[PDB]
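Here's the structure, in structure tokens; my notes come after.
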Amino acid sequence: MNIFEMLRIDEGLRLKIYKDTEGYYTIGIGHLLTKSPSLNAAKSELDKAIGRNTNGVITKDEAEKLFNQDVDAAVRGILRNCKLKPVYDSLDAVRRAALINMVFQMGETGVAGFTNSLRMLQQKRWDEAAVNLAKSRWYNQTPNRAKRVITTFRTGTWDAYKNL
Ligand SMILES: *SCC1=CC(C)(C)N(O)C1(C)C
Ligand SMILES: [Cl-]
Ligand SMILES: [Cl-]
Ligand SMILES: [Cl-]
């Protein structure tokens, strides 16, 4: 298991434009296109992202390219953020993956907002961090995925992702 396999499980793979859990146009492995309710706006973002006239459909290779860029962006974002960087640096490789997962799903600014959870993670108070993380819109709206990510922070193992 690694961050790519982890996010591939959590995000799935779809080669045509679809709506994500929030109802936003997305494609590939959780590549958000736009929050606009306009499909045409989403198709324009897609064409721009891929570099060709796609008409809403991409190849597996193209999906994987966006995915690589997005994972890279999530990590880069953590390292540039003054709230996220110290937490990330303090963590082991497995828990680092859990933090990248959150950033991929909700964005740098969103995760940076979890001030109390971040402090508990920095303190290595794993059970306490896990309890705090669950008190969130994130957990309530995507409880199965949140549970997996939280288990990863609690245990520092891939237990929530094996057999998946
Ligand atoms: S405080 C984190 C941080 C972000 C960035 C602007 C990339 N930096 O140069 C430092 C390490 C200060
Ligand atoms: Cl709490
Ligand atoms: Cl709550
Ligand atoms: Cl879920």
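Indexing begins at 1, ligand by ligand and atom by atom, following the structure's order. In this chain, residues are counted from 1 in sequence order. Heavy atoms only: backbone and side chains are in, while hydrogens, waters and symmetry mates are out.
Nearest non-hydrogen protein atom to atom 3 (C) of ligand 1 is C82 SG, 3.9 Å. In this structure, the protein non-hydrogen atom closest to atom 6 (C) of ligand 1 is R80 O, 4.3 Å.
The two residues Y88 and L79 make their nearest non-hydrogen contact at CD2-CD2, 3.9 Å. Taking each heavy atom of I100 and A74 in turn, the nearest pair found is CG2-CB, 3.9 Å.
Distance screen at 4.0 Å: atom 9 (O) of ligand 1 has no protein heavy-atom neighbour inside the cut-off.
Just one of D20, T34, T21, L33 meets the side-chain contact (heavy atoms from CB on, under 4.5 Å) condition when paired with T26; it is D20.
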All N/O donor-acceptor pairs, side-chain side in residues 35-43, below 3.5 Å, sequence neighbours left out:
{"residue": "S36", "atom": "OG", "partner": "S38", "partner atom": "N", "Å": "3.1"}
{"residue": "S38", "atom": "OG", "partner": "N40", "partner atom": "N", "Å": "3.4"}
{"residue": "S38", "atom": "OG", "partner": "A41", "partner atom": "N", "Å": "3.1"}
{"residue": "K43", "atom": "NZ", "partner": "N55", "partner atom": "OD1", "Å": "3.4"}

